[PDB]
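Engineer: Just so it is clear, I am handing over final.cif, which has mmCIF, C-alpha atoms and all ligand atoms.
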```
data_work
#
loop_
_atom_site.label_atom_id
_atom_site.label_comp_id
_atom_site.auth_asym_id
_atom_site.auth_seq_id
_atom_site.Cartn_x
_atom_site.Cartn_y
_atom_site.Cartn_z
CA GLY A 22 -35.40 -71.48 3.20
CA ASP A 23 -34.64 -67.83 2.55
CA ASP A 24 -33.64 -67.71 6.22
CA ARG A 25 -30.61 -69.80 5.30
CA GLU A 26 -30.11 -67.57 2.26
CA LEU A 27 -30.24 -64.48 4.48
CA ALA A 28 -27.85 -66.18 6.91
CA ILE A 29 -25.38 -66.80 4.09
CA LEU A 30 -25.64 -63.17 2.98
CA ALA A 31 -25.19 -61.84 6.52
CA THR A 32 -22.18 -64.10 7.07
CA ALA A 33 -20.57 -62.89 3.84
CA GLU A 34 -21.18 -59.22 4.64
CA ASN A 35 -19.70 -59.71 8.11
CA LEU A 36 -16.66 -61.63 6.83
CA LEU A 37 -15.96 -59.03 4.12
CA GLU A 38 -15.53 -56.40 6.85
CA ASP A 39 -12.22 -58.03 7.81
CA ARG A 40 -10.97 -59.84 4.68
CA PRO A 41 -11.46 -59.70 0.90
CA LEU A 42 -13.52 -62.18 -1.09
CA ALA A 43 -10.44 -64.10 -2.24
CA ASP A 44 -9.68 -65.00 1.41
CA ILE A 45 -13.20 -66.24 2.23
CA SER A 46 -14.07 -69.83 1.33
CA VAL A 47 -17.46 -71.37 0.63
CA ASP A 48 -16.79 -73.47 3.74
CA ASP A 49 -16.41 -70.22 5.70
CA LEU A 50 -19.77 -68.97 4.43
CA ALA A 51 -21.48 -72.30 5.11
CA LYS A 52 -19.99 -72.61 8.60
CA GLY A 53 -21.01 -69.07 9.53
CA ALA A 54 -24.52 -69.71 8.19
CA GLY A 55 -24.80 -73.01 10.09
CA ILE A 56 -25.12 -75.22 7.00
CA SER A 57 -23.00 -77.72 5.12
CA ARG A 58 -21.07 -76.95 1.95
CA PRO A 59 -23.49 -78.86 -0.37
CA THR A 60 -26.43 -77.07 1.25
CA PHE A 61 -24.70 -73.76 0.46
CA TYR A 62 -24.50 -74.76 -3.19
CA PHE A 63 -28.25 -75.25 -3.24
CA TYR A 64 -28.68 -71.53 -2.52
CA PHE A 65 -25.74 -70.00 -4.41
CA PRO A 66 -23.55 -71.40 -7.20
CA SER A 67 -20.43 -69.65 -5.85
CA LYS A 68 -19.12 -67.13 -3.35
CA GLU A 69 -19.00 -64.63 -6.22
CA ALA A 70 -22.76 -65.03 -6.65
CA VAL A 71 -23.19 -64.22 -2.95
CA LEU A 72 -21.32 -60.95 -3.45
CA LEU A 73 -23.34 -60.18 -6.58
CA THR A 74 -26.53 -60.60 -4.54
CA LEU A 75 -25.19 -58.39 -1.74
CA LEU A 76 -24.27 -55.66 -4.21
CA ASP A 77 -27.63 -55.93 -5.97
CA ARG A 78 -29.34 -55.38 -2.61
CA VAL A 79 -27.21 -52.29 -1.86
CA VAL A 80 -27.62 -50.67 -5.28
CA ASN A 81 -31.38 -51.27 -5.29
CA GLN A 82 -31.57 -49.81 -1.77
CA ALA A 83 -29.95 -46.62 -3.07
CA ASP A 84 -32.14 -46.61 -6.17
CA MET A 85 -35.37 -46.96 -4.18
CA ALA A 86 -34.30 -44.20 -1.77
CA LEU A 87 -33.62 -41.90 -4.72
CA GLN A 88 -37.00 -42.82 -6.22
CA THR A 89 -38.65 -41.92 -2.90
CA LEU A 90 -36.92 -38.54 -2.86
CA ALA A 91 -37.89 -37.88 -6.48
CA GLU A 92 -41.56 -38.43 -5.62
CA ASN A 93 -41.37 -36.37 -2.39
CA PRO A 94 -39.26 -33.25 -3.03
CA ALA A 95 -38.00 -31.68 0.16
CA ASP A 96 -39.02 -28.02 0.44
CA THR A 97 -35.65 -26.23 0.61
CA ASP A 98 -33.22 -24.28 -1.54
CA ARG A 99 -31.55 -25.72 -4.59
CA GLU A 100 -28.31 -26.47 -2.79
CA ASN A 101 -30.05 -28.55 -0.16
CA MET A 102 -32.07 -30.31 -2.89
CA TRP A 103 -28.83 -31.62 -4.43
CA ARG A 104 -27.40 -32.35 -0.98
CA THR A 105 -30.38 -34.55 -0.07
CA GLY A 106 -29.91 -36.52 -3.28
CA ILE A 107 -26.14 -37.00 -2.98
CA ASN A 108 -26.71 -37.97 0.64
CA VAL A 109 -28.76 -41.00 -0.50
CA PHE A 110 -25.54 -42.43 -1.94
CA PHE A 111 -23.33 -41.25 0.92
CA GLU A 112 -25.58 -42.93 3.50
CA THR A 113 -26.49 -46.07 1.54
CA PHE A 114 -23.02 -47.07 0.35
CA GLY A 115 -21.42 -45.68 3.52
CA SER A 116 -23.59 -48.03 5.55
CA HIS A 117 -22.29 -51.00 3.53
CA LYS A 118 -18.61 -50.13 3.14
CA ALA A 119 -17.41 -53.73 3.01
CA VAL A 120 -19.84 -54.74 0.25
CA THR A 121 -19.06 -51.50 -1.61
CA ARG A 122 -15.32 -52.14 -1.59
CA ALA A 123 -15.72 -55.82 -2.52
CA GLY A 124 -18.10 -54.95 -5.35
CA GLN A 125 -15.74 -52.32 -6.75
CA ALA A 126 -12.95 -54.91 -6.84
CA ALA A 127 -15.19 -57.53 -8.47
CA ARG A 128 -15.99 -55.16 -11.36
CA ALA A 129 -12.66 -56.11 -12.95
CA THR A 130 -13.40 -59.86 -12.88
CA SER A 131 -17.21 -60.28 -12.89
CA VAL A 132 -19.21 -59.47 -16.01
CA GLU A 133 -22.40 -59.54 -13.93
CA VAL A 134 -21.01 -57.09 -11.37
CA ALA A 135 -19.74 -54.77 -14.12
CA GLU A 136 -23.09 -54.88 -15.91
CA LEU A 137 -25.01 -54.32 -12.66
CA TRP A 138 -22.95 -51.26 -11.82
CA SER A 139 -23.17 -49.93 -15.40
CA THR A 140 -26.95 -50.36 -15.51
CA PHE A 141 -27.56 -48.34 -12.36
CA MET A 142 -24.95 -45.68 -13.17
CA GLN A 143 -26.74 -45.13 -16.48
CA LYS A 144 -30.06 -44.78 -14.66
CA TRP A 145 -28.70 -42.35 -12.10
CA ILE A 146 -26.93 -40.25 -14.74
CA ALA A 147 -30.11 -40.08 -16.80
CA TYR A 148 -31.99 -38.86 -13.73
CA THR A 149 -29.32 -36.25 -12.96
CA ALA A 150 -29.45 -35.03 -16.54
CA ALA A 151 -33.25 -34.81 -16.45
CA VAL A 152 -33.15 -32.67 -13.30
CA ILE A 153 -30.50 -30.40 -14.81
CA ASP A 154 -32.69 -30.06 -17.92
CA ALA A 155 -35.73 -29.17 -15.82
CA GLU A 156 -33.66 -26.54 -14.01
CA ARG A 157 -32.60 -25.10 -17.36
CA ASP A 158 -36.16 -25.12 -18.71
CA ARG A 159 -37.42 -23.06 -15.78
CA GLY A 160 -34.58 -20.55 -16.10
CA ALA A 161 -32.77 -21.49 -12.90
CA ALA A 162 -29.67 -22.99 -14.54
CA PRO A 163 -27.73 -21.76 -17.59
CA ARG A 164 -27.42 -23.74 -20.81
CA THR A 165 -23.69 -24.52 -20.64
CA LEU A 166 -22.44 -28.09 -21.14
CA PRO A 167 -24.66 -30.80 -22.62
CA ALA A 168 -26.61 -31.90 -19.54
CA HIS A 169 -25.93 -35.62 -20.01
CA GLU A 170 -22.15 -35.12 -20.29
CA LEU A 171 -22.11 -32.89 -17.21
CA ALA A 172 -24.24 -35.46 -15.37
CA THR A 173 -21.86 -38.25 -16.36
CA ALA A 174 -18.75 -36.49 -15.03
CA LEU A 175 -20.45 -35.46 -11.78
CA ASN A 176 -21.72 -38.98 -11.10
CA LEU A 177 -18.31 -40.52 -11.88
CA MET A 178 -16.74 -37.97 -9.53
CA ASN A 179 -19.11 -39.08 -6.78
CA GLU A 180 -18.41 -42.77 -7.40
CA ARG A 181 -14.65 -42.32 -7.20
CA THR A 182 -14.61 -39.77 -4.39
CA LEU A 183 -17.12 -41.46 -2.08
CA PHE A 184 -15.42 -44.81 -2.53
CA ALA A 185 -11.94 -43.35 -1.86
CA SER A 186 -13.28 -41.74 1.32
CA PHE A 187 -15.00 -44.91 2.57
CA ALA A 188 -11.89 -46.99 1.89
CA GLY A 189 -9.58 -44.48 3.55
CA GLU A 190 -7.49 -44.26 0.38
CA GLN A 191 -4.47 -42.00 0.12
CA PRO A 192 -5.44 -39.54 -1.26
CA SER A 193 -9.04 -38.99 -0.21
CA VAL A 194 -11.41 -36.40 1.21
CA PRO A 195 -12.18 -37.10 4.88
CA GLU A 196 -15.51 -38.86 5.19
CA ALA A 197 -16.79 -36.05 7.41
CA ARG A 198 -16.02 -33.54 4.61
CA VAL A 199 -16.92 -35.41 1.47
CA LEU A 200 -20.65 -34.55 1.27
CA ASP A 201 -20.00 -30.78 1.50
CA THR A 202 -17.17 -31.11 -1.05
CA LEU A 203 -19.29 -32.91 -3.63
CA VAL A 204 -22.32 -30.64 -3.10
CA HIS A 205 -20.17 -27.55 -3.75
CA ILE A 206 -18.85 -28.97 -7.04
CA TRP A 207 -22.32 -30.06 -8.21
CA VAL A 208 -24.01 -26.76 -7.39
CA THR A 209 -21.31 -24.51 -8.86
CA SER A 210 -21.03 -26.57 -12.07
CA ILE A 211 -24.80 -26.89 -12.61
CA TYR A 212 -25.69 -23.26 -11.88
CA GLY A 213 -22.45 -21.44 -12.76
CA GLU A 214 -22.26 -19.50 -16.03
CA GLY B 22 21.73 -53.86 -22.69
CA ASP B 23 19.00 -51.30 -22.16
CA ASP B 24 18.16 -51.90 -25.83
CA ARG B 25 16.87 -55.32 -24.80
CA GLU B 26 15.14 -53.68 -21.83
CA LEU B 27 13.49 -51.15 -24.16
CA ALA B 28 12.55 -54.00 -26.51
CA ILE B 29 10.86 -55.84 -23.64
CA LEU B 30 8.97 -52.68 -22.65
CA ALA B 31 7.87 -51.98 -26.24
CA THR B 32 6.72 -55.58 -26.67
CA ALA B 33 4.67 -55.40 -23.47
CA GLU B 34 3.06 -52.08 -24.40
CA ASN B 35 2.17 -53.46 -27.84
CA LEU B 36 0.78 -56.74 -26.46
CA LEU B 37 -1.32 -54.92 -23.83
CA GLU B 38 -3.15 -53.12 -26.64
CA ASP B 39 -4.91 -56.39 -27.51
CA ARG B 40 -4.93 -58.48 -24.31
CA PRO B 41 -4.64 -57.95 -20.54
CA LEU B 42 -1.56 -58.72 -18.49
CA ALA B 43 -2.98 -62.03 -17.24
CA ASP B 44 -3.04 -63.32 -20.84
CA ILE B 45 0.56 -62.33 -21.66
CA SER B 46 3.33 -64.73 -20.65
CA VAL B 47 6.97 -64.01 -19.93
CA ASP B 48 7.68 -66.22 -22.96
CA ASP B 49 5.51 -63.86 -25.03
CA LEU B 50 7.53 -60.85 -23.84
CA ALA B 51 10.85 -62.61 -24.42
CA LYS B 52 9.84 -63.84 -27.89
CA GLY B 53 8.65 -60.39 -28.94
CA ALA B 54 11.88 -58.85 -27.62
CA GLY B 55 14.02 -61.45 -29.41
CA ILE B 56 15.52 -62.97 -26.25
CA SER B 57 15.21 -66.17 -24.26
CA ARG B 58 13.16 -66.54 -21.10
CA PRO B 59 16.21 -66.62 -18.74
CA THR B 60 17.60 -63.52 -20.45
CA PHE B 61 14.27 -61.79 -19.76
CA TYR B 62 14.64 -62.60 -16.07
CA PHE B 63 17.99 -60.83 -16.05
CA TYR B 64 16.20 -57.57 -16.90
CA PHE B 65 12.89 -57.95 -15.03
CA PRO B 66 11.88 -60.26 -12.17
CA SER B 67 8.34 -60.67 -13.55
CA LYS B 68 5.85 -59.45 -16.12
CA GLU B 69 4.28 -57.39 -13.34
CA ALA B 70 7.58 -55.53 -12.94
CA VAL B 71 7.50 -54.75 -16.67
CA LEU B 72 4.09 -53.13 -16.26
CA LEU B 73 5.26 -51.24 -13.18
CA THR B 74 8.13 -49.81 -15.24
CA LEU B 75 5.79 -48.88 -18.10
CA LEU B 76 3.44 -47.09 -15.72
CA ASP B 77 6.32 -45.32 -13.99
CA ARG B 78 7.44 -44.00 -17.38
CA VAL B 79 3.93 -42.73 -18.21
CA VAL B 80 3.30 -41.05 -14.85
CA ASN B 81 6.71 -39.37 -14.86
CA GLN B 82 6.06 -38.19 -18.43
CA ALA B 83 2.88 -36.48 -17.23
CA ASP B 84 4.64 -35.10 -14.15
CA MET B 85 7.50 -33.60 -16.17
CA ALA B 86 5.06 -32.04 -18.67
CA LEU B 87 3.16 -30.45 -15.79
CA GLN B 88 6.43 -29.20 -14.29
CA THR B 89 7.29 -27.63 -17.65
CA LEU B 90 3.93 -25.87 -17.80
CA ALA B 91 4.30 -24.65 -14.21
CA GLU B 92 7.63 -23.01 -15.09
CA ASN B 93 6.32 -21.55 -18.39
CA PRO B 94 2.80 -20.20 -17.84
CA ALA B 95 0.90 -19.75 -21.07
CA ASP B 96 -0.38 -16.18 -21.48
CA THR B 97 -4.16 -16.67 -21.68
CA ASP B 98 -7.29 -16.40 -19.56
CA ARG B 99 -7.86 -18.43 -16.45
CA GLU B 100 -10.06 -20.97 -18.19
CA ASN B 101 -7.41 -21.77 -20.77
CA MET B 102 -4.77 -21.94 -18.00
CA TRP B 103 -6.69 -24.82 -16.38
CA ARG B 104 -7.39 -26.36 -19.78
CA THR B 105 -3.68 -26.48 -20.65
CA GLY B 106 -2.97 -28.25 -17.37
CA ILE B 107 -5.77 -30.81 -17.61
CA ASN B 108 -4.70 -31.41 -21.20
CA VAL B 109 -1.30 -32.66 -19.97
CA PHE B 110 -3.12 -35.64 -18.45
CA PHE B 111 -5.58 -36.04 -21.33
CA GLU B 112 -2.74 -36.21 -23.87
CA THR B 113 -0.21 -38.19 -21.82
CA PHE B 114 -2.48 -40.95 -20.56
CA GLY B 115 -4.56 -40.85 -23.75
CA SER B 116 -1.40 -41.59 -25.73
CA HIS B 117 -0.78 -44.70 -23.59
CA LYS B 118 -4.29 -46.09 -23.19
CA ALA B 119 -3.20 -49.72 -22.92
CA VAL B 120 -0.66 -49.04 -20.16
CA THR B 121 -3.19 -46.79 -18.40
CA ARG B 122 -5.88 -49.46 -18.35
CA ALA B 123 -3.44 -52.21 -17.30
CA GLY B 124 -2.02 -50.03 -14.53
CA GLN B 125 -5.48 -49.19 -13.19
CA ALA B 126 -6.27 -52.91 -12.99
CA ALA B 127 -2.95 -53.70 -11.29
CA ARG B 128 -3.69 -51.21 -8.50
CA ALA B 129 -5.89 -53.85 -6.84
CA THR B 130 -3.12 -56.48 -6.78
CA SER B 131 0.23 -54.63 -6.81
CA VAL B 132 1.37 -52.71 -3.74
CA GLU B 133 4.04 -51.01 -5.84
CA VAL B 134 1.52 -49.89 -8.48
CA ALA B 135 -0.89 -48.64 -5.80
CA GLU B 136 1.90 -46.73 -4.04
CA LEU B 137 3.18 -45.28 -7.32
CA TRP B 138 -0.26 -44.00 -8.24
CA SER B 139 -0.88 -42.66 -4.72
CA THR B 140 2.45 -40.83 -4.63
CA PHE B 141 1.82 -38.94 -7.86
CA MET B 142 -1.85 -38.24 -7.11
CA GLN B 143 -0.75 -36.65 -3.84
CA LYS B 144 1.79 -34.51 -5.72
CA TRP B 145 -0.69 -33.40 -8.34
CA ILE B 146 -3.38 -32.61 -5.75
CA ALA B 147 -0.91 -30.57 -3.74
CA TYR B 148 -0.03 -28.59 -6.87
CA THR B 149 -3.71 -28.03 -7.70
CA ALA B 150 -4.34 -26.83 -4.17
CA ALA B 151 -1.37 -24.47 -4.31
CA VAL B 152 -2.64 -22.89 -7.53
CA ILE B 153 -6.14 -22.51 -6.07
CA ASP B 154 -4.58 -20.86 -2.99
CA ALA B 155 -2.58 -18.46 -5.15
CA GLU B 156 -5.77 -17.57 -7.03
CA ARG B 157 -7.50 -16.88 -3.72
CA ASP B 158 -4.59 -14.80 -2.41
CA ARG B 159 -4.72 -12.49 -5.43
CA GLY B 160 -8.49 -12.07 -5.16
CA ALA B 161 -9.39 -13.99 -8.31
CA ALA B 162 -11.08 -16.94 -6.58
CA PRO B 163 -13.41 -16.95 -3.55
CA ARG B 164 -12.56 -18.63 -0.27
CA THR B 165 -15.15 -21.43 -0.37
CA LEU B 166 -14.13 -25.05 0.27
CA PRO B 167 -10.77 -25.93 1.81
CA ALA B 168 -8.50 -25.81 -1.24
CA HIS B 169 -6.92 -29.23 -0.64
CA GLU B 170 -10.30 -30.98 -0.34
CA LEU B 171 -11.58 -29.29 -3.49
CA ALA B 172 -8.35 -30.22 -5.27
CA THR B 173 -8.69 -33.84 -4.15
CA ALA B 174 -12.24 -34.24 -5.50
CA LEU B 175 -11.40 -32.53 -8.81
CA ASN B 176 -8.32 -34.70 -9.37
CA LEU B 177 -10.24 -37.90 -8.51
CA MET B 178 -12.96 -36.80 -10.93
CA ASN B 179 -10.36 -36.44 -13.67
CA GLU B 180 -8.81 -39.83 -12.91
CA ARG B 181 -12.14 -41.64 -13.08
CA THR B 182 -13.61 -39.68 -15.98
CA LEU B 183 -10.56 -39.69 -18.26
CA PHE B 184 -10.03 -43.39 -17.68
CA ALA B 185 -13.70 -44.22 -18.35
CA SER B 186 -13.50 -42.25 -21.60
CA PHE B 187 -10.25 -43.88 -22.76
CA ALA B 188 -11.60 -47.36 -21.97
CA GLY B 189 -14.93 -46.70 -23.69
CA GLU B 190 -16.80 -47.61 -20.52
CA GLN B 191 -20.56 -47.49 -20.29
CA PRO B 192 -21.21 -44.88 -19.02
CA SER B 193 -18.57 -42.39 -20.12
CA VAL B 194 -18.11 -38.96 -21.65
CA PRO B 195 -17.03 -39.22 -25.31
CA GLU B 196 -13.29 -38.74 -25.59
CA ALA B 197 -13.84 -35.79 -27.92
CA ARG B 198 -15.95 -34.08 -25.21
CA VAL B 199 -14.17 -34.99 -22.02
CA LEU B 200 -11.62 -32.13 -21.89
CA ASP B 201 -14.32 -29.43 -22.23
CA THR B 202 -16.47 -31.25 -19.64
CA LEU B 203 -13.73 -31.40 -17.03
CA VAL B 204 -12.56 -27.82 -17.67
CA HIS B 205 -16.10 -26.52 -17.10
CA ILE B 206 -16.40 -28.32 -13.75
CA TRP B 207 -12.95 -27.17 -12.59
CA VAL B 208 -13.46 -23.53 -13.53
CA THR B 209 -16.97 -23.20 -12.11
CA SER B 210 -16.06 -24.93 -8.83
CA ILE B 211 -12.79 -23.01 -8.32
CA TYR B 212 -14.15 -19.55 -9.19
CA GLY B 213 -17.86 -19.90 -8.33
CA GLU B 214 -19.17 -18.31 -5.13
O1 LIG A 301 -23.60 -39.56 -6.15
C1 LIG A 301 -24.59 -39.59 -6.79
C2 LIG A 301 -24.82 -40.84 -7.62
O2 LIG A 301 -23.56 -41.26 -8.05
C3 LIG A 301 -23.03 -42.40 -7.43
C4 LIG A 301 -23.28 -43.62 -8.00
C5 LIG A 301 -22.78 -44.76 -7.42
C6 LIG A 301 -22.01 -44.69 -6.27
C7 LIG A 301 -21.76 -43.47 -5.70
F1 LIG A 301 -21.00 -43.42 -4.56
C8 LIG A 301 -22.27 -42.31 -6.27
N1 LIG A 301 -25.47 -38.42 -6.73
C9 LIG A 301 -26.74 -38.16 -7.38
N2 LIG A 301 -27.59 -37.21 -7.02
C10 LIG A 301 -28.71 -37.07 -7.70
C11 LIG A 301 -29.66 -36.10 -7.39
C12 LIG A 301 -30.71 -35.90 -8.27
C13 LIG A 301 -31.67 -34.94 -7.97
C14 LIG A 301 -31.54 -34.22 -6.80
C15 LIG A 301 -30.46 -34.47 -5.97
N3 LIG A 301 -29.56 -35.40 -6.28
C16 LIG A 301 -28.90 -37.95 -8.75
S1 LIG A 301 -27.49 -38.94 -8.74
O1 LIG A 302 -6.41 -34.26 -14.32
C1 LIG A 302 -5.59 -33.69 -13.69
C2 LIG A 302 -4.68 -34.55 -12.82
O2 LIG A 302 -5.47 -35.61 -12.37
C3 LIG A 302 -5.25 -36.86 -12.95
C4 LIG A 302 -4.34 -37.70 -12.34
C5 LIG A 302 -4.09 -38.94 -12.87
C6 LIG A 302 -4.74 -39.37 -14.01
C7 LIG A 302 -5.65 -38.53 -14.62
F1 LIG A 302 -6.28 -38.97 -15.75
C8 LIG A 302 -5.91 -37.28 -14.09
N1 LIG A 302 -5.54 -32.24 -13.81
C9 LIG A 302 -4.65 -31.27 -13.18
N2 LIG A 302 -4.51 -30.01 -13.58
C10 LIG A 302 -3.68 -29.23 -12.92
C11 LIG A 302 -3.45 -27.90 -13.27
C12 LIG A 302 -2.73 -27.10 -12.41
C13 LIG A 302 -2.49 -25.78 -12.75
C14 LIG A 302 -3.00 -25.30 -13.95
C15 LIG A 302 -3.72 -26.16 -14.76
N3 LIG A 302 -3.93 -27.42 -14.40
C16 LIG A 302 -3.03 -29.81 -11.85
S1 LIG A 302 -3.61 -31.43 -11.81
#
```
Kindly return the structure encoded in the file as structure tokens.
Ligand SMILES: O=C(COc1cccc(F)c1)Nc1nc(-c2ccccn2)cs1
Ligand SMILES: O=C(COc1cccc(F)c1)Nc1nc(-c2ccccn2)cs1

Structural biologist:
Amino acid sequence: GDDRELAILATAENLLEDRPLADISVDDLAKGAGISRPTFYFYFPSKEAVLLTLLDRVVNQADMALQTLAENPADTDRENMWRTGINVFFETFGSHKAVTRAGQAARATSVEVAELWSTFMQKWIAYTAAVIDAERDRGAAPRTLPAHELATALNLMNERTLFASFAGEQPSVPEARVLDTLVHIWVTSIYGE
Amino acid sequence: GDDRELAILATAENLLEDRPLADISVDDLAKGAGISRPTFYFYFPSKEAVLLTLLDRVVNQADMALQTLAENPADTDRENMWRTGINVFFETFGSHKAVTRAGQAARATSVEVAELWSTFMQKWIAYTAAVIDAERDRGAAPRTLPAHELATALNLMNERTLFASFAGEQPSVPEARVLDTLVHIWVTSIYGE
């Protein structure tokens, strides 16, 4: 049952590594999953729904990793605290580059994809802002910008910069440099007066 | 001659304020410009070429404004120096929100739009990096990140954050707060040690 669902998802993720969603047919997904086209439609109403499910899995993987980190703070300096958190997104989305790029494209055409991305970005920004606020309350960070506005810009920077790096866009930060680049900008803007 | 070309461009910019490019027909552009459909095709091969021309005009407007500022440095502090430069993009793209949003969408489907955007982003990043380097050479900024990598991330942050604000995305920084937000992040990350 879900084995055929997982087979469809794995086929789609593998096919997206070499071609975009518009060049993959339902017949391609069914054939790769070892089922017929009508059997595919039992599990998913469309190839777009397959991508939505793939992206939901990736974003919830990142969310759960961040939740785990929040409950188990690593015992290091403040810079490496932010690095460990940004690295959740670097590693999670960087391990699913094809789904990440396909999902970014689908945001312009899928209301469900756009709402999924917006929901989680709001959650992650609210968490960033709450950590900034806690740092200000304990006297470690200065009260400069409104924390939620700062958190919004830093999270949008990460979205755009990580995704440019993973896609090899021109221009982009090399993937092997992008974590250090983002960590520098986060730490200086959160703690700088 | 170019009056009919300008009329086509003005019609397209006005129509894009209420509907996306996929819901505007060549007949719509011709009718609004007071010409027939074949006469339209004398001036532009497609509605996509009309948008490409509109975006080229906007990006060159921003580029020329930045060039003007580079040749005529305002006499203020370092923070207001960066603010005046970021404000070129805030004001130029914020005065053409409909073309900006349509051009961003077209990047996924138009090679010419993607190459136009990439060309100018490379130019603006190289200028940012050169100013950072000059600030380091005179002892005003510390030698932290590679200047070009820092410049890349800051310019991608501005692209994503300004465009989210102009589009009213959820999440986004309010348009009335986004210049101050970006200036803070630029100044702290360029001058912070
Ligand atoms: O890039 C991020 C999230 O932004 C995104 C979102 C989607 C895609 C993407 F590529 C990046 N960083 C974050 N870090 C924290 C953090 C909180 C406490 C301690 C350490 N880090 C919280 S959100
Ligand atoms: O947002 C920017 C350019 O990035 C973009 C690019 C496209 C669209 C968009 F919305 C933003 N800021 C820049 N500022 C400078 C600057 C150089 C010296 C002194 C002061 N400013 C140089 S590029």

Engineer: Give me, as a Markdown table, the closest atom pair and its distance (Å, one decimal) for every residue of chain A within a cut-off of 6 Å of chain B, counting all atoms listed in the file, rows sorted by chain and rising number.

Structural biologist:
```
| residue | atom | partner | partner_atom | distance |
| --- | --- | --- | --- | --- |
| A:170 | CA | B:194 | CA | 5.7 |
| A:178 | CA | B:178 | CA | 4.2 |
| A:194 | CA | B:170 | CA | 5.7 |
| A:206 | CA | B:210 | CA | 5.2 |
| A:209 | CA | B:210 | CA | 5.3 |
| A:210 | CA | B:206 | CA | 5.2 |
| A:213 | CA | B:209 | CA | 5.8 |
```

Engineer: Give the answer as one residue: which of B:127, B:99, B:157, B:164 has the shortest atom-to-atom distance to ligand LIG 302 (chain A), using all atoms listed in the file?

Structural biologist: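 Among the listed residues, B:99 lies closest to ligand LIG 302 (chain A).
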
Engineer: Please return as a ChimeraX atom specification every residue within 12 Å of (-12.3, -66.4, 0.0), taking into account all atoms listed in the file and the file's own coordinates.

Structural biologist: /A:33,36-37,39-50,67-69,71-72,123

Engineer: What would the list of residues within 8 Å of (-28.5, -30.7, -2.9) (file frame) look like as a PyMOL selection string, if all atoms listed in the file are what count?

Structural biologist: chain A and resi 99-107+204+208

Engineer: Can you measure atom CA of residue 75 of chain A to atom CA of residue 189 of chain B for me? One decimal in Å is fine.

Structural biologist: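 Atom CA of residue 189 of chain B lies at a distance of 26.9 Å from atom CA of residue 75 of chain A.
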
Engineer: For ligand LIG 301 (chain A), which residue out of A:137, A:124, A:168, A:109 is the nearest one, using all atoms listed in the file?

Structural biologist: A:109

Engineer: Using atom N2 of ligand LIG 301 (chain A) and atom CA of residue 145 of chain A as the two end points, give the distance in Å to one decimal.

Structural biologist: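 Atom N2 of ligand LIG 301 (chain A) sits 7.3 Å away from atom CA of residue 145 of chain A.
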
Engineer: Find the axis-aligned box for ligand LIG 301 (chain A), covering all its listed atoms and adding 3 Å on each side, and write its centre and edge lengths in Å to one decimal as AutoDock Vina command-line options.

Structural biologist:
```
--center_x -26.3 --center_y -39.5 --center_z -6.7 --size_x 16.7 --size_y 16.5 --size_z 10.2
```

Engineer: Go through A:161, A:86, A:132, A:31 one by one, measure the shortest atom-to-atom distance of each to ligand LIG 301 (chain A) using all atoms listed in the file, and give the residue with the smallest value.

Structural biologist: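 Comparing A:161, A:86, A:132, A:31 against ligand LIG 301 (chain A), the winner is A:86.
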